[PDB]
Amino acid sequence: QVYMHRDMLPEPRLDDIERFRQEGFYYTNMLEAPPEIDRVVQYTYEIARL
Amino acid sequence: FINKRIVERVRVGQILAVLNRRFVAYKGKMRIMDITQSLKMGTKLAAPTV
């Protein structure tokens with residue numbers, strides 16, 4: 001279950017330095033649940049040569 | 001007797017009357033390559049035939 005997507009790196013609002021520092025913010029490329037059927041297209045070797 | 005117009009005494013009005021042969025010619029940018037030496041068994045094609 002290795003996909004390719006166009007997602008951006010998150011940039012927080014940073015309205016306070018100390019409040020943002022007390023919480024823990026980070027970003028992954030590992031997602032929670034896999035995407036739906038109608039939003040993924042399947043690619044083979046054969047359809048890529050075509 | 002040959003029945004072939006080899007030598008004809010013609011006037012100078014019809015010296016350029018033989019210009020009736022159509023010709024086609026390629027431009028100076030085109031290339032004409034040899035492809036019949038590229039027929040080997042271990043070569044696959046991207047979109048397969050019937």
# chains A, B, ... in the order shown; residues from 1 in each chain; ligands from 1

$ interface_residues --of "chain A" --to "chain B" --cutoff "10 Å" --atoms "only C-alpha atoms" --output "list in words"
residues 46, 47, 48, 49 and 50 of chain A

$ select_by_dssp --residues "chain A" --states "alpha helix (DSSP H)" --output "mmCIF file with N, CA and C atoms, in the first residue's frame"
data_model
loop_
_atom_site.group_PDB
_atom_site.id
_atom_site.type_symbol
_atom_site.label_atom_id
_atom_site.label_comp_id
_atom_site.auth_asym_id
_atom_site.auth_seq_id
_atom_site.Cartn_x
_atom_site.Cartn_y
_atom_site.Cartn_z
ATOM 1 N N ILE A 17 4.594 31.734 20.248
ATOM 2 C CA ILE A 17 5.752 30.849 20.217
ATOM 3 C C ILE A 17 5.663 29.818 21.335
ATOM 4 N N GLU A 18 5.317 30.266 22.543
ATOM 5 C CA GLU A 18 5.337 29.390 23.709
ATOM 6 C C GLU A 18 4.184 28.395 23.716
ATOM 7 N N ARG A 19 3.020 28.780 23.189
ATOM 8 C CA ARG A 19 1.899 27.849 23.121
ATOM 9 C C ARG A 19 2.159 26.757 22.092
ATOM 10 N N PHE A 20 2.738 27.129 20.948
ATOM 11 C CA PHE A 20 3.089 26.147 19.928
ATOM 12 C C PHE A 20 4.231 25.251 20.385
ATOM 13 N N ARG A 21 5.119 25.773 21.231
ATOM 14 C CA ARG A 21 6.234 24.975 21.721
ATOM 15 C C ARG A 21 5.774 23.938 22.738
ATOM 16 N N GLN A 22 4.733 24.250 23.517
ATOM 17 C CA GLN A 22 4.253 23.303 24.519
ATOM 18 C C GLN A 22 3.548 22.122 23.870
ATOM 19 N N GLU A 46 1.806 -3.011 -17.913
ATOM 20 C CA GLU A 46 1.281 -3.074 -19.269
ATOM 21 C C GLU A 46 0.566 -1.788 -19.657
ATOM 22 N N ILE A 47 -0.183 -1.194 -18.728
ATOM 23 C CA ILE A 47 -0.884 0.046 -19.036
ATOM 24 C C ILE A 47 0.065 1.239 -19.047
ATOM 25 N N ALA A 48 1.260 1.106 -18.471
ATOM 26 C CA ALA A 48 2.224 2.197 -18.514
ATOM 27 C C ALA A 48 2.992 2.226 -19.827
ATOM 28 N N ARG A 49 3.230 1.062 -20.436
ATOM 29 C CA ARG A 49 3.820 1.026 -21.768
ATOM 30 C C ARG A 49 2.860 1.533 -22.834
#

$ atom_distance --atom1 "CA of residue 12 (chain A)" --atom2 "CA of residue 33 (chain A)"
23.4 Å

$ residues_around --residues "region 27-29 of chain A" --least-positions-apart "4" --cutoff "12 Å" --atoms "only C-alpha atoms" --output "list in words"
residues 2, 3, 4, 5, 6, 7, 8, 9, 10, 11 and 12 of chain A

$ atom_distance --atom1 "CA of residue 7 (chain B)" --atom2 "CA of residue 19 (chain B)"
16.7 Å

$ residues_around --residues "residue 1 (chain A)" --least-positions-apart "2" --cutoff "12 Å" --atoms "only C-alpha atoms" --output "ChimeraX atom specification"
/A:3-4,30-35,40,42

$ decode --residues "chain B" --atoms "C-alpha atoms" --output "PDB file, in the first residue's frame"
ATOM      1  CA  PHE B   1      14.341   0.281 -87.526  1.00  0.00           C
ATOM      2  CA  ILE B   2      14.013   0.681 -83.764  1.00  0.00           C
ATOM      3  CA  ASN B   3      10.613   2.409 -83.254  1.00  0.00           C
ATOM      4  CA  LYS B   4      12.293   4.490 -80.538  1.00  0.00           C
ATOM      5  CA  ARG B   5      12.835   8.252 -80.721  1.00  0.00           C
ATOM      6  CA  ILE B   6      16.588   8.232 -80.187  1.00  0.00           C
ATOM      7  CA  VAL B   7      17.838  11.135 -82.327  1.00  0.00           C
ATOM      8  CA  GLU B   8      15.378  13.751 -83.582  1.00  0.00           C
ATOM      9  CA  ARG B   9      16.251  16.886 -85.537  1.00  0.00           C
ATOM     10  CA  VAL B  10      14.077  19.391 -83.678  1.00  0.00           C
ATOM     11  CA  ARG B  11      13.800  23.164 -83.786  1.00  0.00           C
ATOM     12  CA  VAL B  12      14.960  25.368 -80.921  1.00  0.00           C
ATOM     13  CA  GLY B  13      11.352  26.058 -79.962  1.00  0.00           C
ATOM     14  CA  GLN B  14      11.032  22.486 -78.669  1.00  0.00           C
ATOM     15  CA  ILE B  15      14.450  22.002 -77.079  1.00  0.00           C
ATOM     16  CA  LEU B  16      12.831  22.215 -73.613  1.00  0.00           C
ATOM     17  CA  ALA B  17       9.694  20.336 -74.686  1.00  0.00           C
ATOM     18  CA  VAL B  18      10.921  17.154 -72.960  1.00  0.00           C
ATOM     19  CA  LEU B  19      10.286  18.601 -69.479  1.00  0.00           C
ATOM     20  CA  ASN B  20       7.296  16.401 -68.673  1.00  0.00           C
ATOM     21  CA  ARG B  21       8.814  14.033 -66.090  1.00  0.00           C
ATOM     22  CA  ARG B  22       7.403  14.541 -62.597  1.00  0.00           C
ATOM     23  CA  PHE B  23       9.959  14.471 -59.785  1.00  0.00           C
ATOM     24  CA  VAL B  24       9.730  14.457 -55.997  1.00  0.00           C
ATOM     25  CA  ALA B  25      12.652  15.247 -53.726  1.00  0.00           C
ATOM     26  CA  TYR B  26      13.278  15.433 -49.993  1.00  0.00           C
ATOM     27  CA  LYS B  27      14.398  18.557 -48.167  1.00  0.00           C
ATOM     28  CA  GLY B  28      17.847  19.163 -46.722  1.00  0.00           C
ATOM     29  CA  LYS B  29      16.808  18.511 -43.118  1.00  0.00           C
ATOM     30  CA  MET B  30      15.432  14.989 -43.592  1.00  0.00           C
ATOM     31  CA  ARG B  31      17.324  11.768 -42.897  1.00  0.00           C
ATOM     32  CA  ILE B  32      16.987   8.339 -44.502  1.00  0.00           C
ATOM     33  CA  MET B  33      18.098   5.585 -42.134  1.00  0.00           C
ATOM     34  CA  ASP B  34      18.496   1.822 -42.339  1.00  0.00           C
ATOM     35  CA  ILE B  35      16.168  -0.184 -40.085  1.00  0.00           C
ATOM     36  CA  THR B  36      16.280  -3.738 -41.464  1.00  0.00           C
ATOM     37  CA  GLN B  37      19.339  -4.593 -39.351  1.00  0.00           C
ATOM     38  CA  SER B  38      17.358  -3.946 -36.144  1.00  0.00           C
ATOM     39  CA  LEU B  39      15.381  -7.211 -36.270  1.00  0.00           C
ATOM     40  CA  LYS B  40      16.487  -9.291 -33.282  1.00  0.00           C
ATOM     41  CA  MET B  41      14.625 -11.842 -31.194  1.00  0.00           C
ATOM     42  CA  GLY B  42      15.174 -10.236 -27.793  1.00  0.00           C
ATOM     43  CA  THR B  43      13.354  -7.001 -28.666  1.00  0.00           C
ATOM     44  CA  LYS B  44       9.889  -6.347 -27.243  1.00  0.00           C
ATOM     45  CA  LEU B  45       7.406  -3.727 -28.411  1.00  0.00           C
ATOM     46  CA  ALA B  46       5.461  -1.410 -26.129  1.00  0.00           C
ATOM     47  CA  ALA B  47       1.999  -1.849 -27.645  1.00  0.00           C
ATOM     48  CA  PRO B  48       1.538  -5.506 -28.621  1.00  0.00           C
ATOM     49  CA  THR B  49      -0.032  -6.618 -31.873  1.00  0.00           C
ATOM     50  CA  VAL B  50      -2.992  -8.947 -32.355  1.00  0.00           C
TER      51      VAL B  50
END
